[PDB]
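Return atomic coordinates for the entry below.
(2 chains)
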2 protein chains.
Amino acid sequence: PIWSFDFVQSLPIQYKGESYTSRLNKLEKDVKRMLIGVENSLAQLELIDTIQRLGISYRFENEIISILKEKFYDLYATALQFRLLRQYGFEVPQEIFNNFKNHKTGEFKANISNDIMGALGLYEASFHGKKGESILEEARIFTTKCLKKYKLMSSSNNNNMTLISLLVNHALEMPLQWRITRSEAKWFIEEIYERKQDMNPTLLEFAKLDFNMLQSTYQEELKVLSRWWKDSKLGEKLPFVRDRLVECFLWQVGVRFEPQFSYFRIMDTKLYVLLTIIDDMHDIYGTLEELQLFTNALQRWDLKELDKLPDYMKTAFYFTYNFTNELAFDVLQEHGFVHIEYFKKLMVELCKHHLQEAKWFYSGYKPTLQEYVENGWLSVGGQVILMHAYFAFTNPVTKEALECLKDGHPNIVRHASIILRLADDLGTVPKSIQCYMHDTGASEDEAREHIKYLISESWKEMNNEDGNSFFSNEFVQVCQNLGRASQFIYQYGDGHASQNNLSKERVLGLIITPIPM
Amino acid sequence: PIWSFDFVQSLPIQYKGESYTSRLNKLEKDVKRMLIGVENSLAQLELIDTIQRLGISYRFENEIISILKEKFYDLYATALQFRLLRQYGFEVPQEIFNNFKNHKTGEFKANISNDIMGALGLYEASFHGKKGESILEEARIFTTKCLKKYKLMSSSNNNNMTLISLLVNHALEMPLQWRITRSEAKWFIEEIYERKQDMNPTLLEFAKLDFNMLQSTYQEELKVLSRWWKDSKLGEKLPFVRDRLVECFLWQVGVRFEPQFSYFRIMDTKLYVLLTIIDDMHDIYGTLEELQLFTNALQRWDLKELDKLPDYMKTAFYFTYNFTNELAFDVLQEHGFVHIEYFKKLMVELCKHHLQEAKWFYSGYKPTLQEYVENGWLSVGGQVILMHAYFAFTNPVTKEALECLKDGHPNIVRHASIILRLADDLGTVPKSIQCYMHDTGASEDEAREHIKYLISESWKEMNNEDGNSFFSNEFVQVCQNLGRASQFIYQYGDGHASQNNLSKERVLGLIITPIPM
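Residues are numbered from 1 along each chain as shown, chains lettered A, B, ... in the order given. Sure, the structure comes next:
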């Protein structure tokens, strides 16, 4: 394929050594003492936001949390402070922004259009809102309408795309809440922070160094995963499967980018691959009777079923068997109990909903958007990924949590899988926009706008959890990272199934090519 | 442990790059054209023997085979030619050496004691003999008796240990037939070939370069295996298990050292680890009832048995389950058929014989040497290793071979496992020499000499296969490499269970420390 085995194995891992780690520690200490050493309360928020956009805020978590606990005015500062407080799980309602609404009409002032900075800050802060908060929704609408004016008013003057115009373009493309850490980090390092007048060399060097060392760790993990894909022989036994190993690894980079989760990024990778093998087999390769035999064998969960399957079905079923048992083994070694039945039921439910999609296709039935979503958020496999993340990042797990999970999937998990499915259908058997155009009859742009509305509502749903919940803040952030990676992979083109220039360039910039120091 | 995780991960893999591979290819071409370009027929045999002792003969296999096919006189040349011919599977009986026996008495001439070179060559050639060949046995005896004279006659003059005296010491310690490739290669590079007057720089540089690149590949494999051992958590859940990962990797280096078998060296490693976990649990940790429950669960082969086991038993049983299913998965991906029943029966037989040893221990019964061997060659786990090697190196496998394997284990496999068990008991529940001292009543040195006699007879057994056999030459060589690694690990001290200076030095010289160029 495009990322051949020898090319992956040959990648010179540069940013690794004692000198690199020593420089990283020194720069981290310097940046920490610079962050806590800020005397201006507003400049401290600005520096925190810069560190967040640089992708290095995961190291200074507790320091920022303490600063924000201590931090407990124009529109820009209000929006920035609101976004930070709500981003670190601190309660702060929408009603504050009522200080900027002309309650003679119930809408924000028109002079906001003169403050592009405050409008951009409010636009960025509007995506952290929860369901029921209508002031944030109207603020999102008004700020989008304001930013499009800056687009038609500035970029049309000339290619004088000022750093403000670059940020406006970047926000209109996707808000910071919805973007992943690595892509935004690279973009803010290369295009923005390097051009700022107030730019500090220590922060820039530290961000570049951390990014390149993370790239080197990713390269090592990708070599390991490429050797695994080689010795798995899943390409030979299953010729229909797309060789998208690097794409699943990019998925993992979008999910958990931190260096200490390396092992996870491996396992989940294979999981994605497994899920992909189950996807391509259901919608492209297998027939109805063969997929029915596969789902039956999954229900029975025994190897004597292999005799009643074709060879590719044998390979796929045995791979699923071994991977599910490996998941159960890891859960046993972690939490000290067997849970093979739960993962078996997860896999059987996934294949049940895939077979449901297949039977709907072959029976000629066109489901509504509601039924399609209710079946697809389970037939997309996001629940398996999120349960793997749950049992990998939640410790300890109580009997009450196990009883709550045995009676369905969490709401945050369901809406994250909904976001996953809707983003996957974006840019690509009738699906999401096809069913909505079948039922309501609106145009294609209207259907895609309705799908984006559903995505925004599910994002509000996920935002509700960031506030006694049975899920840690870590797991909530992993679900939101799944959503962000969904919106990152299928943002522009079909980066999962098509090998276009964007699919090359994202992988090059995030994995192979480091940032020039 | 002594080889910590961070130390393994930090190992700077030096001999890797385009320049190293280019130099290797150039030197390999030069050495090949030097080998085939030898005009003297005897000097060609000498160069072939040198390349063999340098450990690089695995690259020039077909060229040497052609030369020896074309090659189809004093005592040294006769012995060298005989050893090479019999080493490459060419039939040449013992009767040739009848040209050196004084058939007035039926014993070799006394003037052989004046030709230390010819005596050493005959000693080296005597170990390639098969059962029934008595002339080679008497030649082995006579040449050992001759070499001990050179020991008491030369090394006693002074520390003028001439290169001849060094070779005599090395041969008396262990013959070349019984030594592994990497250790003999390092020793012949550092102590002997560098000091020869006729030494060629191209051969020396090529041997050192190939050895160091193999060391780098071993370092990468060991990093991967150390990460696997980390994420397996077998040390935490099972505190009784010795952390001998590097020792199992050294075992693999002794079994299959060639660069293209990297993947194998990983899998078999884990297998060894698994076997070790089954060993330490049977003879040290578990009680009779717990091991009985474990063997019962292995027979039933279901996860519902985990509920009827303690936690460490749960971990061990689930690890065995997953590893056996992974073996079956690899065999399916390779040969296109399921064989989970065969590997399950292998594991159940291993645990059956381990439980037999345990029940003999707790019942106070002291078995004879014959019964002990018949139970221990199966309770040592060598058959599992050799079946893994069989299904990894034999392709295709015919129905007749599968029917022959379903009715017991091969003779070569049985005697290789016998060598394994007897060497493991060397230097260490009554065992091999204890049972023989119980039955016959002889002293300890006499019992160990009888054990060495059994080892030599099993070596003759294995030598019989090198001659329509259902096993490829590759598999025969892998079995003999298992035997050589057995005699290499337990040669001097308890390198498996004790962490003495020799256990450090072998690992340092064969893995960490490369040969100075």
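
Tally up the residues packed near residue A:431, please.
Residue A:431 sits with 18 neighbouring residues when counted by other CB atoms under 10 Å in any protein chain shown. To be clear about C-beta, it is placed using only N, CA and C from the backbone, and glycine gets the same treatment.

Could you measure from the nearest residue to it once chain neighbours are set aside over to residue B:238?
Spatial nearest neighbour of residue A:431, chain neighbours left out: residue A:425 (4.7 Å); criterion: CB to CB, 6 or more residues apart in numbering or on different chains. Taking CB to CB, to the nearest Å as the measure, residue A:425 falls 47 Å from residue B:238.

Secondary structure element holding residue A:235?
Assigned by DSSP states H and E, residue A:235 belongs to helix A:234-237.

what helices or strands is that helix leaning on?
helix A:311-335 (3 or more CB pairs under 8 Å, 6 or more residues apart in numbering or on different chains; DSSP states H and E).

Quick one: neighbours of residue A:181, just the number.
22.

isn't it right up against residue A:55?
Yes: contact criterion CB atoms under 8 Å: residue A:181 and residue A:55 qualify, at 4.8 Å.

and the longest helix along chain A, which residues are buried?
Assignment by DSSP state H gives helix A:201-232 as the longest helix of chain A. Residues of helix A:201-232 classed as buried by neighbour count (16 or more other CB atoms under 10 Å in any protein chain shown): A:203-204, A:206-227, A:229, A:232.

Taking the stretch 51-200 of chain A, what residue is nearest to chain B?
Residue nearest to chain B within the stretch 51-200 of chain A: residue A:59 (20.4 Å; CB to the nearest CB).

excluding its backbone neighbours, what's nearest residue A:77?
That would be residue A:42: by CB to CB, 6+ apart, it lies 5.6 Å from residue A:77.

sorry, that was for residue A:41
residue A:71 (7.0 Å).

Show the backbone phi and psi for that neighbour.
Phi and psi for residue A:71, reported as degrees, to the nearest 10, are phi -80, psi 50.

give me the number of residues near it?
Residue A:71 has 14 neighbouring residues, counting by other CB under 10 Å.

so who does it touch?
A:41, A:45, A:81, A:85 (CB atoms under 8 Å, 6 or more residues apart in numbering or on different chains).

Hmm, the last one is touching residue A:79, no?
No: with contact defined as CB under 8 Å, residue A:85 and residue A:79 do not form a contacting pair (10.9 Å).

Those two: which has the busier surroundings?
Ranked by neighbour count (other CB under 10 Å), residue A:85 and residue A:79 place residue A:79 first, with 25 against 20.

Which residue, other than its chain neighbours, is closest to residue A:207?
That would be residue A:54: by CB to CB, 6+ apart, it lies 4.2 Å from residue A:207.

count of residues packed around that neighbour?
Count around residue A:54 with other CB under 10 Å applied: 24.

contacting residues for it?
A:185, A:188-189, A:193, A:203, A:207 are the contacts of residue A:54 under CB under 8 Å, 6+ apart.

Mind doing that once more with 10 Å?
Counting by CB atoms under 10 Å, 6 or more residues apart in numbering or on different chains, residue A:54 makes contact with A:31, A:181, A:184-186, A:188-189, A:192-193, A:203-204, A:206-208, A:210-211.

circling back to that earlier point, residue A:405 versus the residue nearest to residue A:41, what's the distance?
Separation of residue A:71 from residue A:405 (CB to CB): 36 Å.

is it true that the residue nearest to residue A:431 touches residue A:419?
No: contact criterion CB atoms under 10 Å: residue A:425 and residue A:419 do not qualify, at 11.0 Å.

When those two are compared, which one has more neighbours?
The residue with more neighbours, out of residue A:425 and residue A:419, is residue A:419; 29 against 20, by other CB under 10 Å.

List, one by one, the residues from the stretch 301-450 of chain A near chain B.
Residues of the stretch 301-450 of chain A found near chain B (CB under 10 Å from any CB of the partner chain) are A:301-304, A:306-307, A:311, A:314-315, A:318-319, A:321-323, A:325-326, A:328-330, A:332-334, A:336-338, A:340-341, A:344.

Just the buried residues of those.
Of those, these count as buried by 16+ other CB under 10 Å: A:301, A:303, A:306, A:314-315, A:318-319, A:321-323, A:325-326, A:328-330, A:332-333, A:338, A:340, A:344.

Just list the residues touching residue A:247, thanks.
A:3, A:269, A:272-273, A:276, A:489, A:495-497, A:499, A:503, A:506-507.

and these as JSON lines, adding neighbour count, secondary structure and distance to residue A:50?
Conversion of these to JSON lines gives the following (neighbours: other CB atoms under 10 Å in any protein chain shown; DSSP: H, G, I helix; E, B strand; the rest coil; distance: CB to CB, whole Å):
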{"residue": "A:3", "neighbour count": "19", "secondary structure": "coil", "distance to residue A:50": "33"}
{"residue": "A:269", "neighbour count": "26", "secondary structure": "helix", "distance to residue A:50": "31"}
{"residue": "A:272", "neighbour count": "24", "secondary structure": "helix", "distance to residue A:50": "33"}
{"residue": "A:273", "neighbour count": "25", "secondary structure": "helix", "distance to residue A:50": "37"}
{"residue": "A:276", "neighbour count": "19", "secondary structure": "helix", "distance to residue A:50": "37"}
{"residue": "A:489", "neighbour count": "23", "secondary structure": "helix", "distance to residue A:50": "26"}
{"residue": "A:495", "neighbour count": "22", "secondary structure": "coil", "distance to residue A:50": "28"}
{"residue": "A:496", "neighbour count": "20", "secondary structure": "coil", "distance to residue A:50": "32"}
{"residue": "A:497", "neighbour count": "17", "secondary structure": "coil", "distance to residue A:50": "36"}
{"residue": "A:499", "neighbour count": "17", "secondary structure": "coil", "distance to residue A:50": "35"}
{"residue": "A:503", "neighbour count": "22", "secondary structure": "helix", "distance to residue A:50": "30"}
{"residue": "A:506", "neighbour count": "21", "secondary structure": "helix", "distance to residue A:50": "23"}
{"residue": "A:507", "neighbour count": "20", "secondary structure": "helix", "distance to residue A:50": "27"}
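
Alright, I will stop here.
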